[PDB]
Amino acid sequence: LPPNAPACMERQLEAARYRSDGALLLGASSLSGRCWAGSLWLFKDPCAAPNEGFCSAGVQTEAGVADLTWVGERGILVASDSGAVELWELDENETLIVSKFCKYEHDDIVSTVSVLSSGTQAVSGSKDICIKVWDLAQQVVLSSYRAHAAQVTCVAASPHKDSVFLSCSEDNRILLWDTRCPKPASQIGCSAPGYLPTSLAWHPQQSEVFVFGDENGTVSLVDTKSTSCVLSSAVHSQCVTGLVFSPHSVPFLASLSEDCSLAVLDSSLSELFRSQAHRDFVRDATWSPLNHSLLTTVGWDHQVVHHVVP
């Protein structure tokens, strides 16, 4: 129990993020019981997760944590059920986590967050159907967009452009964004309309390609230029919740689903590895910066599983 560090961790582990240095950032919520809330935890020893005692630093959040992202090496950006986006700044000794700002701009639960290339700006997605752009420096919303006709599922920033990001909603719309354009959104999709978009992942190197997962467990590889879906395989027996590329030169895709299953796939989306390790919903996946063959998973089973990938 570091100073302020909570004694126990909420059972529902929503986010698992590896810093450059190889540290483990965990976000967890309480989705059942008297208290519905969430906490932030740092594990400078990844293997000691999820043990609250053997944690580097720990903090409690007013409410639950729907999504989470690293800001540089010291900032954590928080998507709250409160409809608030919060910035939590690390201690200099990195022993405690403190709220830089908590802003109640979203009218409903904040479902998704990504950080723009700068790291001076970020994008929020909510069940209020709105997408907002933030100044992390100025702690304000520059622009708010109401492009969607349903709750916004996932938002993901372009790797190397500060004006570009993807958004997907239950309105069966995947939007490519450029704040540069007077009409910033552009509806992008496969030949035929299909199952709702659930998960978005930009390619590391190939800045003009991304993958989306559907609620039917099908992952589809999209090229913006051709505006047509290049490749699609049915990886999961349930919704595709998360898609994560390896740090590898030719990256690997980690596929997490509500089928409580993980798959890892090549470029051609063929299936090298599958892990029935989790006995509940697989929520996140991070590749170790240190060992690129190591991939770490979190579940609502409170299981933090480290996979060695061929």
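Counting begins at 1, following the sequence as shown.
Comparing 120 to 128 with 189 to 197, the higher mean C-alpha B-factor in the PDB entry belongs to 189 to 197. Once the C-alpha B-factors are averaged per stretch, 69 to 77 and 149 to 157 rank with 69 to 77 first. Residue-level inspection of the entry shows that, of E89, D178, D214, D171, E89 has the top Cα B-factor. Among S32, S267, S29, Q60, the highest C-alpha B-factor in the deposited entry belongs to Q60.
Ranked by Cα temperature factor within the chain, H106 sits in the middle third according to the deposited record. In the PDB entry, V282 places in the middle third of its chain by CA B-factor.
In the deposited entry, the Cα temperature factor of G38 places it in the middle third of its chain's modelled residues. Sort the modelled residues of the chain by CA B factor and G53 lands in the highest third. In the PDB entry, a CA B factor belonging to the middle third of its chain's modelled residues is recorded for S237.
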